[PDB]
Amino acid sequence: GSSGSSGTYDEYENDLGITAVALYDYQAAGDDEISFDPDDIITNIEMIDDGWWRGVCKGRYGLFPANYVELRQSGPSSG
């Protein structure tokens, strides 16, 4: 049993998809690429290139190296 500040209704729509956390500060070489700070949170992460991805950060969707970021993941009791 759990609860919190649900609200007046629980019929919302949140499609964030995949998320990741930056490891180091990056500077999008150009417009195509996006610039995000280290230890930041990114949503709508689309897996395109094993080395580069595309997600919506601080209101910006562009190409970015998956090396300067880590795929969010937790390890609970029952893996």
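Residues numbered from 1 in each chain as written, not as in the entry; some residues may be left out. Heavy atoms only, no water.

As stated in the entry header, the method of structure determination is solution NMR.

Novice: Go over the side chain of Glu33 with me, naming the residues and quoting the values.
Specialist: Looking at the secondary structure, you find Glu33 in the loop between β1 (20-22) and β2 (41-47). Look at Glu33: it is buried, it has no salt bridge, and the nearest opposite charge is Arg54 at 11 Å. Of the polar contacts made by the side chain of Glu33, one reaches the backbone nitrogen of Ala29; its length is 3.4 Å. (Helix = DSSP H or I, 4+ residues; strand = E, 2+ residues; numbered from the N terminus. Buried < 20%, exposed > 50% of the residue type's maximum accessible area, 1.4 Å probe, protein only. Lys, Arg positive; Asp, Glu negative; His and termini not counted. Salt bridge = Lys/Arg side-chain N within 4 Å of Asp/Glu carboxyl O. Polar contact = N/O pair within 3.5 Å; in protein donor to acceptor, adjacent residues only side chain to side chain.)

Novice: Explain the UniProt feature "domain: SH3" in the protein to me, using residue names and the numbers behind them.
Specialist: According to UniProt, the "domain: SH3" feature falls on residues 15-73. Secondary structure over residues 15-73 splits into 0% helix and 42% strand, and the C-alpha atoms at its two ends are 18 Å apart. (UniProt positions renumbered as here; feature names shortened; annotations may be inferred.)

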